[PDB]
K.L.:
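What follows is a structure written as structure tokens; I'll ask about it next.
Just so you know, these numbers use all the heavy atoms, side chains as well, and skip hydrogens, waters and symmetry mates. Naming: A, B, ... by sequence-line order, numbering from 1 per chain.
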Amino acid sequence: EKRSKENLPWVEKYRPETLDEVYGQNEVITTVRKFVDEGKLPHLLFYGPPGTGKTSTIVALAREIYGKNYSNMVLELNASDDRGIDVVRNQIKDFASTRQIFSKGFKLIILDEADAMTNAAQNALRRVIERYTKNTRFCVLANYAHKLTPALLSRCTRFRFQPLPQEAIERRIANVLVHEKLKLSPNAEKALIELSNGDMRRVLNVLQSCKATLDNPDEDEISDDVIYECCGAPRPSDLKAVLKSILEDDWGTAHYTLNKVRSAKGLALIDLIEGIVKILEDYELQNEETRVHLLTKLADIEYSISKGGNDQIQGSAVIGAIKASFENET
Amino acid sequence: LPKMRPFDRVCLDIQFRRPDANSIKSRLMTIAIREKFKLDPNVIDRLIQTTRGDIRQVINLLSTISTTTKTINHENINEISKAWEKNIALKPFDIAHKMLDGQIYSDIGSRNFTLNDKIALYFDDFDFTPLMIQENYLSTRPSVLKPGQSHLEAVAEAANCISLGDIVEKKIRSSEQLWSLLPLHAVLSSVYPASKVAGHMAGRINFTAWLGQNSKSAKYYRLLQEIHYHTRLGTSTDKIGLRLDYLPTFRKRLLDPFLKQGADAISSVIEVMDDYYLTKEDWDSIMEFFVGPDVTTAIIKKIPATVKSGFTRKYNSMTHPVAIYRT
Amino acid sequence: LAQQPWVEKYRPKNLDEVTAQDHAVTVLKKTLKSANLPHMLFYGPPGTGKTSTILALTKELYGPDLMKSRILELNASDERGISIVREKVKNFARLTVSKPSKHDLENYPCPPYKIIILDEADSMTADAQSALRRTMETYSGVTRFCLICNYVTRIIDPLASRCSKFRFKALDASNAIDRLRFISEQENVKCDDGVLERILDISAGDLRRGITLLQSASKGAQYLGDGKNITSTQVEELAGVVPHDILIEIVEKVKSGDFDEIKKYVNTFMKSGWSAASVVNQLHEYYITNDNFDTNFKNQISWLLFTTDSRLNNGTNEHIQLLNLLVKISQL
Amino acid sequence: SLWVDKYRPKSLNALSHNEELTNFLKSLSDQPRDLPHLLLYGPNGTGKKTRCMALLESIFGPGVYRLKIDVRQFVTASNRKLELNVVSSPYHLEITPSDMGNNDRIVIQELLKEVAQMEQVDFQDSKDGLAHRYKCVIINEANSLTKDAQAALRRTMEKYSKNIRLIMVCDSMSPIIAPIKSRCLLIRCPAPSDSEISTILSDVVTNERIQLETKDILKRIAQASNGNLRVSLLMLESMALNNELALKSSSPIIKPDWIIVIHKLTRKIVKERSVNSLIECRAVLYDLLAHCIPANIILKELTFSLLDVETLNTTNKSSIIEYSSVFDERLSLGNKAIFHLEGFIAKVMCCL
Amino acid sequence: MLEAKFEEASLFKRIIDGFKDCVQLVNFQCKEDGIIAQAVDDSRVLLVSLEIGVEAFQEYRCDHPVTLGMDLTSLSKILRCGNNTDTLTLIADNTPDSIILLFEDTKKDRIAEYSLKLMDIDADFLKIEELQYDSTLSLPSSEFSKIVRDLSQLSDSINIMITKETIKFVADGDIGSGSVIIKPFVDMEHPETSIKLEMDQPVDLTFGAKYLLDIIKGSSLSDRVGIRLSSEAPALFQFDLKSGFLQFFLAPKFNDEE
Amino acid sequence: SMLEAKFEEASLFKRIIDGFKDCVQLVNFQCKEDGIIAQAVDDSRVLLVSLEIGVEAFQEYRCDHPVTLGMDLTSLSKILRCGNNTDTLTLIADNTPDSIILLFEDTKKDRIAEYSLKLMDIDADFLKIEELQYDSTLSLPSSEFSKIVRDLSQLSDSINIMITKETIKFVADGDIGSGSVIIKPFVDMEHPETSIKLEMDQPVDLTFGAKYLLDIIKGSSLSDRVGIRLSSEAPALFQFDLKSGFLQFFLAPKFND
DNA sequence: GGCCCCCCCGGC
Ligand SMILES: Nc1ncnc2c1ncn2[C@@H]1O[C@H](COP(=O)(O)OP(=O)(O)OP(O)(O)=S)[C@@H](O)[C@H]1O
Ligand SMILES: Nc1ncnc2c1ncn2[C@@H]1O[C@H](COP(=O)(O)OP(=O)(O)OP(O)(O)=S)[C@@H](O)[C@H]1O
Ligand SMILES: Nc1nc2c(ncn2[C@@H]2O[C@H](COP(=O)(O)OP(=O)(O)O)[C@@H](O)[C@H]2O)c(=O)[nH]1
Ligand SMILES: [Mg+2]
Ligand SMILES: [Mg+2]
């Protein structure tokens, strides 16, 4: 890095350095701590969605096992590096079959993002794993399990990283506020959690954007309005009004309301559709085909939007689909 | 295999067939007697049916089974036959014949030949199976037609599924290289379309003709491009426009006057060629494009040989301009 | 200069010329004094000012001297395969920052990192994209990444999570009129009231198209040499907008319901060269905004128009799609 | 030389139809220094290329019509040597990248950037020998380019705006992506009217000494062209050559072979609806496709000939047009043309 | 009717090899004064001029000027099969569809005469009117090779700057930057390794790796080069012949920042 | 300039650079008043290369403050190849340098070549890895070691070194066969350069890879004698003494199982 | 020993 850590992005500035700074994975953290505290550390397969803390967890585990000079005693290979059949055959085999250099210890290999590896390399790694197990251990981090061969999966103990719970995100937010001397309104916190979807990177990015948006962070408190302005996401009140107008009001006034709501803050149609879907998922419908039509038509509209096209036609289609689906209620 | 093509007519071809169950009965009984294990003759044929003409494989089977089991009778023949079944990938013709059979798609057949089995059959040769299915799905007598459904409706549904499978295949071989969709292409190209017209073939199975048509179309496009870039300096149009609109008018000037004035139209044809930088090979290519009732093969053949010889001599007796240099 | 198109001549040079993207421009300006610029993912509709915004930010951050040595820009016109990403991008990111000169350190903030701008990132393959996940994280302290795309769904989830998302809003008459008016005054273009608003409405969130239309109208007025103010009819003619009379005839033929007459009228209409997308948009506006139709008719026509637009967006024949849409509407 | 080519106008003042378009082109060419990128769209055979050449002649000198053809070599990722025929002029360049199929992107990433990244030597009409102007590149059939080529062009047309200018001619804007449309100035070229086509044909006849008893003769040719002018001129030439340079009131309209084949296919499908009929239609489709007949044109003509049948009813026509609309998108998203043409024919036969 | 008996056929072989890559179809006008040729690059960006005077040829005569568009690749194919020391001649006739290359020798046995087809190439009234070029100099070719091959591995630019008492080759790229300065240096015992340079105004022009690399591939023709740089005219690289020279007008690259 | 180091001959630096370019890729140089040190770790994390060059190897050397320079060995070798073998080489660096300048100057002529290599951000420490008291040490001519390594690497990819009472044994076990070479220490007073010395504290038996030994013996052109130090639970040390500095290869023995 | 080039799979 350059200068100091204050110039780093919040996503990288607040990267955990030890295992006790990882939140939302109490079971996995306790299990790995117990494993590394009594010498029985098996091969690990950390499977989870982005932003859960798998890389941070493995880095902290390596630091605890080896210490400050852990970078020179582990072999970290990721998608950014070339990992082919020849690499597995030569470099990984040599690392697993050779003693340590700086200090006595066992060999650790971290194959981050191994789901992007070829099948030949995965097949080759089987005997490398099963032959040098006495002095070497393997850790594989993945987001999609279908990319891993069954043979590789059989040789690794599986640990699943769940989406971050609400309390963990609140604790991390409180720590960040304490470090940055910032104040957050409770409604702003709830909106941040709602839009976070269990990813801490989104929390940090949105919080940094909100801090940058404030006129003076020293004596300004971030509110839900600030978060909505920074992210441009529709407000819940706007979504409720749009849904109400679509459901009860006629075509002309519903179209006018949708246009006015979208043009007031430059809202995007996809976010409105997502919010309407979330709101309607809790509706106690009396018929099934109505829900079927809603889901199918909204998925079609989302797919069409993903490829671009006329936005006004897409909004009219959304309104018409909702009206037609709710017509079946009778 | 195509690699054997050079050996087509340079060696005496000797073909060996799978030995019958009666040509090896005596040898196998002698082996059983010598090795002191009982081998019931009545179950011998199944062994060959299990090994499918492989004497070495059946000998190895006997050697392995006799290690701990000294009796080979009908009580355990089924187990060994099931355990030692040989799996060989079917050829494209065999794949098409089996996939277009209505027995496997019935309620009873489906429990024996499952969907996974059909997908594996497709995967035995995934580069030919869709073509064979698309070629041979119009020559069947379906036996799985739904009550009230006609053959034409099933054919239309199969064609729609084939089009969807073609779209999937195009997406598979794109820059993204989405090969994980190959199993889906198995259903949309081979299994599903065959499931609607499954039955008995109405005739011999024909190999796909799409490859030859594609090669011919590529050659025709190459000749059309050559002609278009040879006449680019004179015409204001593209190759598609040249083929659709210009070629009939050109025929009206480069072929018609040979059929009326005889050998006196050579000068005009040569003048047209010079004006449009056309050559004799370009003439042949252009006259070969026409289809329908405007075929020129018979007309060209009926032209007197003297006229053609004079035209060739005139063309070769003078200099002509060249449009593109070092083509 | 005078030898450049108005779209390029009036391209923003600094961050203060951005009109309707304040929600992100304010954050970018604050990053100048905060010096903690994160990885950015600029997404939005075409012609919103993303590349211009990033260029202005890089200029204001580094200076014309350090721009070349601190910026690495890769777009769809360069090979960006997995090997290129793994070698060239990795090497540039892992390099040390160029040493600023006292002049630059005096007149510019000179942040202690370099910027890699991956424009048109939506065209990169998933395998190539996956190679940057650790590259951005490992060298975040010396390098920052800017990914510009039009379709946010084309970016893999890990990269979107790593990057801070910035959505560029559409430029309509309510937020981009000031820039168009300023350009008109700078070029001394005389227009009637509502002409600029009509241009922006026709553009539908594309300021580049509006500027091009204004330039074409100014050229036509100058060639005319009459001094009269530019009207809206000429602007509509230059924008390929179907005349209202033709639309009235189209809807009357649709109401007639006869297949042969509709087919003949469509055959005659397609010889004028009108774009199918404009016709569909005008028909949608007329039918949706009309109060002479019931709920069911609008419910069906909305889906019909959506399907027609989706099919047309895939690059199909306009004649067949237009005829099918008109026939379907006539049977509603 | 053919009459369609010998009488092509070579200046903006020689145009004989769409006077408003001519005035717009003259206005654009009045101050060509700040001319933006241009995209011409309209029906085929109306004169878009002729108008582009006239505009270039207005901008530069008459020397834009001295053309040459050269060969360019390109190498793909597999060390495959590909040849491209480049039509060039001292003042402008012309390219048709679609001739290299999916490799068209290479032309965008290798050729265009080579011309736009640096200057040129102009030893004529100059004092220093270096060009003091921009170069106009005409990308013929922009609608045929792949999405990757257009994405590559997006930045090329912007970062070299004042060194290179692009004039792209196409018959339809549907395949064109939104960014390319935004970066281009749209120009619509309507097809000539019947009266203008008749006047042009009459001028050709009177300049070629062709006997014509009634002018209505030419009028029919116009109703047989459906707005196309090149087709009208070629049909007039063919009729004159087939009638001893004398058109009669009883002279029939000469149709191209592929149209007759499509008509045979249509009136065989209508008469007979069976699997064997579908096999024969497959053979006919193979014959049509093998001789450089685009699948989209075949589908369009088949659909519009089916809709012209006097025995079919409204429901049958609606089903046919719906199936044609679906299968046009299927063709646009597929590789094997027959795989979709057969499906369309089968659906049509089922619906009848 | 025309003959160009050469002192050395290797001289003509190197002359043709010096610009075979740049252009392939060039018109040769054979006047009593000598041979003249000027071909525009297919991209209309590089002009290959060339002229050989009557002095260079062992015995040159012509009765009527004739322009031959004969190919260059075929020229190399014909000349590659020949020996080293010979007296190539270019005999032709009144209406030549081919030119007979008489590969005469002092000995009566080592003769490899051939025939080369002629091809119609159009020629225009191109002009090379002189301009007040700011700088012009000449220096050996070995230094050119050692500099261009060195700088090409570091960048695609071989930028040339010519200042008073200084000649700078600059090449910056992703790996880094490299600059080599050559200065007036005269050796009394070895005059061949000397630079003859005259400049009027400072000049700097960026040139490309591929163009100069191709040019120095053909630099075996002349042991000395000629640089001519101006401010608004295409700078030209020349290779001196026995009595003429082979010029290369190469357009400088466009500068976007300035 | 801040750091200016002048070499007597460019070949002097070129030979040392070539001595370990084929085993490591990225190098880090620390320049101080005492001299220039560098440590490189290969990708497999098996071999470590430690080079030190003193001030006595430079004609003129000046370094006001410590300088850390990260470079790619391939790029440095390419740039050195671009330079000639008869010119004077100067290392030039400034405060907080973003690049390193290599200056090639010819005394006969007035030609000066200034190459610039962009520096690399490699944040790492040295850790001064060196065992205080090795189990056994030995010294022998480099040519003999290279010959033995090349001979025994043709039979197998692994070589075992045994140090025992007044004897050193190199054993290779392969598929086509096996080979053994035994050498006993001796002292010659008329060719001291050919003598072999050995001082042992405990017997040693360590296995190493053949490829790493083949790459290590490539530095035989920088010295006539090589010192091999073996110790249990410690990397094996291979030292080549230079005119005023030294080069060291630390090789981790293979796991025994 | 190192490039450079050509042929061939790619799902479970
Ligand atoms: N459990 C966590 N506790 C605190 N911060 C977290 C946690 N998980 C993620 N983060 C934060 O998000 C940043 C990125 O976490 P990562 O370790 O990169 O997630 P990841 O699971 O490795 O992402 P993938 O699966 O490779 S896309 C960290 O630097 C933390 O600042
Ligand atoms: N926010 C804006 N403010 C002022 N002018 C703008 C703005 N956005 C676009 N323009 C104008 O339109 C021209 C083109 O803007 P662009 O930067 O190319 O838009 P864009 O977002 O990059 O389009 P895409 O998504 O890459 S196709 C600019 O030179 C400006 O003249
Ligand atoms: N007399 C006259 N003929 C025209 C004019 N425009 C086009 N044409 C004729 O119509 C022919 C076809 O036009 P073309 O440029 O190919 O149209 P495009 O293929 O759609 O671009 C031309 O070769 C001309 O002969 C015009 O303005 N006046
Ligand atoms: Mg991670
Ligand atoms: Mg842009």
Side-chain angles (χ1 to χ4, degrees), chain A residues 82-86 90 115-124 126 144-154, chain B residues 1-5 87 89-90 92 95 99 113-131 133 165 168-192, chain C residues 81-83 87 125-128 130, chain D residues 73-82 335, chain E residues 149 152-153, chain F residues 18-23 25 73-74 77-78 81 146 149-151 153-154 157 209-221:
Chain A
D82 202 79
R83 304 176 296 177
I85 188 72
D86 62 306
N90 303 343
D115 36 27
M117 279 180 74
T118 64
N119 287 303
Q122 288 181 45
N123 286 347
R126 299 160 54 177
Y144 320 115
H146 77 284
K147 301 279 243 318
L148 305 185
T149 59
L152 186 58
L153 296 164
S154 189
Chain B
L1 283 175
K3 270 184 330 182
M4 310 344 282
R5 278 226 302 278
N87 330 314
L90 287 81
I95 294 167
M99 183 102 69
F113 210 67
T114 74
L115 190 54
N116 208 317
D117 297 13
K118 298 164 178 81
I119 290 159
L121 182 56
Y122 159 87
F123 268 116
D124 285 322
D125 196 347
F126 81 91
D127 319 58
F128 271 66
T129 304
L131 298 103
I133 293 291
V168 173
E169 202 241 343
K170 181 178 179 182
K171 218 191 311 277
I172 282 165
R173 288 182 181 277
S174 81
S175 52
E176 283 276 356
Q177 306 289 335
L178 306 167
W179 296 98
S180 64
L181 287 170
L182 275 174
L184 168 65
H185 189 228
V187 165
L188 289 186
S189 76
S190 304
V191 182
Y192 189 90
Chain C
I82 183 164
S83 147
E87 299 300 322
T125 55
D127 293 4
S130 298
Chain D
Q73 309 297 45
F74 293 92
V75 278
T76 73
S78 69
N79 201 14
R80 183 150 171 265
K81 307 166 54 177
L82 294 175
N335 273 329
Chain E
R149 288 190 286 98
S152 212
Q153 316 309 129
Chain F
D18 259 348
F20 66 99
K21 72 170 185 66
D22 281 318
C23 66
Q25 205 132 4
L73 271 177
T74 301
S77 324
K78 172 197 307 306
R81 173 188 294 102
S146 192
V149 164
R150 277 153 29 221
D151 288 331
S153 71
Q154 264 219 78
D157 40 337
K211 62 204 313 193
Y212 301 112
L213 290 171
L214 283 171
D215 265 353
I216 284 170
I217 59 164
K218 264 174 172 262
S220 303
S221 48

K.L.:
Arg150(F) CZ to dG1(G) P: how many Å, rounded?
P.N.:
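My rounded result for the distance is 12 Å.
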K.L.:
Do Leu148(A) and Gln122(A) pass the side chain to side chain contact (heavy atoms under 4.5 Å, CB included) test, and can you show the C-alpha distance, the side-chain angles, and the key distance before you say yes or no?
P.N.:
CA-CA 8 Å; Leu148(A) 305 185; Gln122(A) 288 181 45; 4.2 Å; yes
K.L.:
With the side chain counted from C-beta on, respond yes when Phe126(B) and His185(B) share a heavy-atom pair under 4.5 Å apart, and no when they do not.
P.N.:
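No, every pair of side-chain atoms sits at 4.5 Å or beyond.
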K.L.:
Can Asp117(B) and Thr114(B) be counted as having a side-chain donor-acceptor contact under 3.5 angstrom?
P.N.:
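The answer is yes; a qualifying pair exists.
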K.L.:
Could you tell me how far apart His146(A) (NE2) and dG11(G) (P) are, to the nearest whole angstrom?
P.N.:
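That distance rounds to 11 Å.
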K.L.:
Taking NZ from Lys3(B) and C1' from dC7(G), how many angstroms apart are they, rounded to a whole number?
P.N.:
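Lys3(B) atom NZ is separated from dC7(G) atom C1' by 12 Å.
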K.L.:
Rounded off to whole Å, could you give me the CD-to-P distance for the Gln177(B) and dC8(G) pair?
P.N.:
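So the two atoms are 17 Å apart, to the nearest Å.
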K.L.:
Please give, in whole Å, the distance from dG10(G) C1' to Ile85(A) CD1?
P.N.:
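The answer, rounded to whole Å, is 15 Å.
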K.L.:
Out of curiosity, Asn116(B) CG to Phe123(B) CZ, how far, rounded to the nearest 0.5 Å?
P.N.:
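Spacing of CG (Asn116(B)) from CZ (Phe123(B)) equals 10.0 Å.
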K.L.:
Roughly, in whole Å, what's the span from CD in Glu169(B) to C1' in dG11(G)?
P.N.:
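It works out to 15 Å between those atoms.
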K.L.:
Rounded to the Å, how far apart are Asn119(A) CG and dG11(G) P?
P.N.:
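Spelled out: CG on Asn119(A) to P on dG11(G) is 6 Å.
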K.L.:
Would you call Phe126(B) stacked on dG11(G), i.e. ring centres under 5.5 Å apart with the planes less than 30° off parallel?
P.N.:
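So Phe126(B) does not count as stacking on the base.
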